[PDB]
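Two forms of a single protein chain come next, each set out by itself as structure tokens; they are called structure 1 and structure 2.
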Structure 1
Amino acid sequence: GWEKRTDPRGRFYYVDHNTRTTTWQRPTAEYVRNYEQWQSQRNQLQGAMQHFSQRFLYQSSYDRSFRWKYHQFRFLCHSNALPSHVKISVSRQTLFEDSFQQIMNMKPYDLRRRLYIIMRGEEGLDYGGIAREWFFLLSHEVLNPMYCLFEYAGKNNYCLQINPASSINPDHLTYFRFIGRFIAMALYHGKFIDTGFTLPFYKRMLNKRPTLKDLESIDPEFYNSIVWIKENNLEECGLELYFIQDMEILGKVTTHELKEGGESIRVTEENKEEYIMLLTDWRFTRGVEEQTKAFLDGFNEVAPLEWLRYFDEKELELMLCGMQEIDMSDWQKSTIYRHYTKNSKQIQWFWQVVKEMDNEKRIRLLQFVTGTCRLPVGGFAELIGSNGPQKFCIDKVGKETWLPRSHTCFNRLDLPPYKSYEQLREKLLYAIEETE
């Protein structure tokens, strides 16, 4: 069905009989699509809960290492902790409605008080167990297409991003402010979430500029076109672009100027580094400005964003999701060679450097190759990418002088044919460690 009932405040909404849901969004074949693929995952959760509970982080007690950065942050929390507690009541099936009403009617500082959550009806005082389940359950509850808060650029659940069209929910900004408060709470209280935010989403929270590499993790299709513009320098040839980007916003198209007079200004050589930069800048910022500001205002109230300034995108995602034990056997068993084999010296050397690495250095290698620290239920075989499930792959691509290159959307590592164990090691270590 369809329908079109009305609100106490006279706003029109829809009653999807095909789902059994009420939304502000016109319930398309795609909305019904999105909602069912969301549904499944909501029921694939109680079996998965044990997986997510295996997540860990360090025990509270050189320098400029994730671990010090973390224990320093833990301290900043404990120092700003307020006495007494805040008890939130929820029901297993009312988890989102409930948490929203109670945390939005609370002043931000009350939320730094020690948490406790109550599962209505059900016997058992809190302790860590119900907060763990709460944080995880609600981390997914927020992605219900019903609320209009999110969408996915690619295949099924690939590349979580904010729905530019979220403005169709008059409370889109209250909800994105709540998500901000909530994700902040998780970091203040040490608990973990599995929302699915990407490294470039974590960069904004950190006030770090996303790059041309970073679009490969959201729009691999779009990242190539831009790579085509940069690499195929061109003889101008079969190309005519202007400094513009249109955007379909709830049907009506609108042409945005990347710069002033942009519709007028043609893309050319030398000129195109400016444009590539701007386009890249447009892609993360377009349609999601107020949603993202409300997130962040929402986040800042609870745990000041300035407290994360010394983390890079990877350290922060890892602070929110937690660490898993990377089993080297599942990794190796679930790895494919391209222009290489198992016996290639660069492969035998690659596994030798991965054998050295402690778990965090390996997690760091996983984030690099796949765009996240989160290893899925079922491990290295159940590795997913922009084109559905894709296994970890290493390809012989390069010049020896090059640094290894990742393809997070396909989980592929372009590993050049280095001349030595020590060359390859340093290069891999370098690519992974970045500049910390």
Structure 2
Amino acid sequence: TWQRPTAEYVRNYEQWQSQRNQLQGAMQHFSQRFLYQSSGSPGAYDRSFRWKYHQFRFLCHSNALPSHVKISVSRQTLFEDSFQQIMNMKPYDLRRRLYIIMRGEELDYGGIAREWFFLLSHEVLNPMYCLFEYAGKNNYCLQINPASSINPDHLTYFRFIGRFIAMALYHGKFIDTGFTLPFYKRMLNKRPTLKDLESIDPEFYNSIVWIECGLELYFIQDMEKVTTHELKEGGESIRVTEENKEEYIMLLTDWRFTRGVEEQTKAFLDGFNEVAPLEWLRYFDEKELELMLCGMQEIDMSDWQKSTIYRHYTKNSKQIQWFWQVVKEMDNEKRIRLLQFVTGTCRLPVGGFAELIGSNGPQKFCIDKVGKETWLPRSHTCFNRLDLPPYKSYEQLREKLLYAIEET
């Protein structure tokens, strides 16, 4: 199906199948995700996630056509069945209440849509289709495959994936595809930063940082057969001057997050926007959007504490005592946000904090002493690591930690 089989296609195929067995189990765990209880108005603006969710919800109700639509599918042909129906419906009818009819299976229509959204959100990752790939080891750091074109229907598929994610959000259902924060940034129209490069391509991040005694470069980029690309008009001709670089770094970073995925992302965003206008997400930051789409979980504090590792610090060290106390003080939603800051996602694997994964593989939540008291804490999400300055007080740590976290 589409791409010929590489050695690495075979590898990714098996991971996906295993994922399907695992997913079959995993639903019980997925069903205890939650957001907020219904309300229509959300009351007076208060900067909180709660208010934003309600306001959004409200927009979805208010603009909903009445009655329902039947989406008819077979369990073994979920992707293909869903695609046809959805694509042949007219986006506004997807705003009506969803009745998902699983063929041959007979009360809990909410329960069925929930499972359908979950299943389908894994089925789209199928290495056949060639839509996505992973940057790190195993299934670390999802991204659109630059070579999605190998599948000649790929843009239509991306458009459908767009409607599907808009429907999850529009009907308040959770998906589990694994999109990254920079991908959400793009749905919000925020420009991903250099910091964000570290999340997805840490070594590329290092090179950009290093970028005066340094070799020959051109406002051009080589992307892979091969084809080089302009990076602004007639860039081949335009020498990057080892002291004239911002244009290069900026455009580079921007290009790293748009290399060979421009039409695919456009197509994804038109699909989303037909169903639920992107304008409606205006209040959300990229972590809040992830939350809307994936759902909150209860963060088990003790699981967190147990499976944390330290560097130049023990559990006894004063700064870490202060850390855990502050975390305890936090409500669940602030615990999630700290989780997103340090690991780049609000999703926790099946068993909990021992299984945590980084770029390199198994990689538990880490805290090292590294800062400058005047510096705020910082993270390296590829390594699930918090750099926590050896602060000189509880209130020093608490202010800074809270600040870095709600920062955007």
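What we label the rigid core is the largest C-alpha set whose atoms superpose within 1.5 Å from one form to the other. Just so we're on the same page, residue numbers count up from 1 along structure 1's sequence.
Fit the rigid core and compare the CA positions between the two structures: of 281, 97, 358, 273, just 273 moves by 2 angstroms or more.
After superposing the rigid core, the C-alpha of residue 259 moves by 2 Å or more between the two structures. For residue 241, a C-alpha deviation of 2 angstroms or more is recorded between the two structures after rigid-core alignment. Here residue 207 exhibits a Cα shift of 0.4 Å between the two structures, evaluated on the superposed rigid core.
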